[PDB]
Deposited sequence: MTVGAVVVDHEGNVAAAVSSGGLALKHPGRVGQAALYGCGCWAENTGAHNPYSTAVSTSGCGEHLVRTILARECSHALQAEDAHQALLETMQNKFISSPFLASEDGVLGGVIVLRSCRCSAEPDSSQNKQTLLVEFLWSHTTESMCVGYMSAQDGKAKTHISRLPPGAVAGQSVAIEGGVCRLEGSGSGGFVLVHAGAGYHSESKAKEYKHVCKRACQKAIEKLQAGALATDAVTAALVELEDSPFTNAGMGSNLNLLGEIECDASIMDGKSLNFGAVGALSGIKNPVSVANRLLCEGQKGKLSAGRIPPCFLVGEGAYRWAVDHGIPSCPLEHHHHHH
């Protein structure tokens, strides 16, 4: 799973997530990266929401679905202390959730940002119960992406412990992006490549913003980079299902309009997040969630780059 959250120079936020899902899964299994409120969430500031918040999640299994994690984080982040809100959500709402009481371990992660105009004050955080997680982030002003591998401290237990880190940025035509290349087992061998792909992803989003793109276009451009890495379980290199085939989930949410696009169990499309983004764009009753054969056909009919030799129609 990969994800990104973006805030533009006006405080508009967007979030997206993309995954290949559980390795060896049964054909047609759709997980958190496609599901409304579970994989990502983005909500501009409003009447009862004093912060603009964007959330994207990581992990596989049904752990993030059962808890509707992304929307839950977004709601917790309306409290004053963002760090305490996210940490308590990860511990109470995610690890010790009643929805996951029958589990020996709960594995996942999140990236979040929240902004409010005071200039723009952007707080951003990441948190995970996996051994490690690779993040990247960048402001349009600072001009250089920063990447970091977040690890559970010695003595922590994967699936029982929370690591949480973050920071603050003050912010023209700029903005801020936080991305992640996945949460899982530590792989020191692949660490530079995950850091490298997080760096390029941030730069793509910041480039889009600086050129005037919408927050959703910026976050989509970052996810396209993250999918394209053969090392991430999304897009190219997604886990193979039980039949040895690729089936991708992806979704995206716009904080300004609250619109949402998503694809599930999609084969034959190089960048699943692009279909989800196209649905959100066209949808501004248009569909927001397309799966399987029909999703592929819809993407092809909308000019989204395909690959017919990687598309399966069992039927």
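If you line the structure up with the deposited chain, the stretches without a C-alpha atom are 1, 120 to 130, 184 to 186, 300 to 307, 339.
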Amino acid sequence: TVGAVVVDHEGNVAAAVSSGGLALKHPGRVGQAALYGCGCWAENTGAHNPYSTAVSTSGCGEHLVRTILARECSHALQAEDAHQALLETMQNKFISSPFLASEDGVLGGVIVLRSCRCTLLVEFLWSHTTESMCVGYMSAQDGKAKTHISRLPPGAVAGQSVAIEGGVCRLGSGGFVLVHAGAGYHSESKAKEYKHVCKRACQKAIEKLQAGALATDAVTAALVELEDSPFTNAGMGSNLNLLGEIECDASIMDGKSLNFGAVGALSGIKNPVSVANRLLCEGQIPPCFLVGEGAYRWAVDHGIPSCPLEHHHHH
From here on, numbers count along this sequence of modelled residues.
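Stretches 182 to 190 and 222 to 230 differ in mean C-alpha B factor, with the higher average recorded for 182 to 190. As the entry records it, the average C-alpha temperature factor is higher for 301 to 309, out of 301 to 309 and 16 to 24.
Among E72, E103, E123, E88, the highest C-alpha B-factor recorded in the PDB entry belongs to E103.
Residue set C134, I111, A211, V162: peak C-alpha B-factor at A211 (per PDB entry). Ranked by Cα temperature factor within the chain, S251 sits in the lowest third according to the deposited record. The deposited CA B-factor of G31 belongs to the lowest third of values across its chain. Among the modelled residues of the chain, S257 sits in the middle third by CA temperature factor in this PDB entry.
Looking at the C-alpha B-factors along this chain, the one for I269 belongs to the middle third. In the deposited entry, the Cα temperature factor of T216 places it in the lowest third of its chain's modelled residues.
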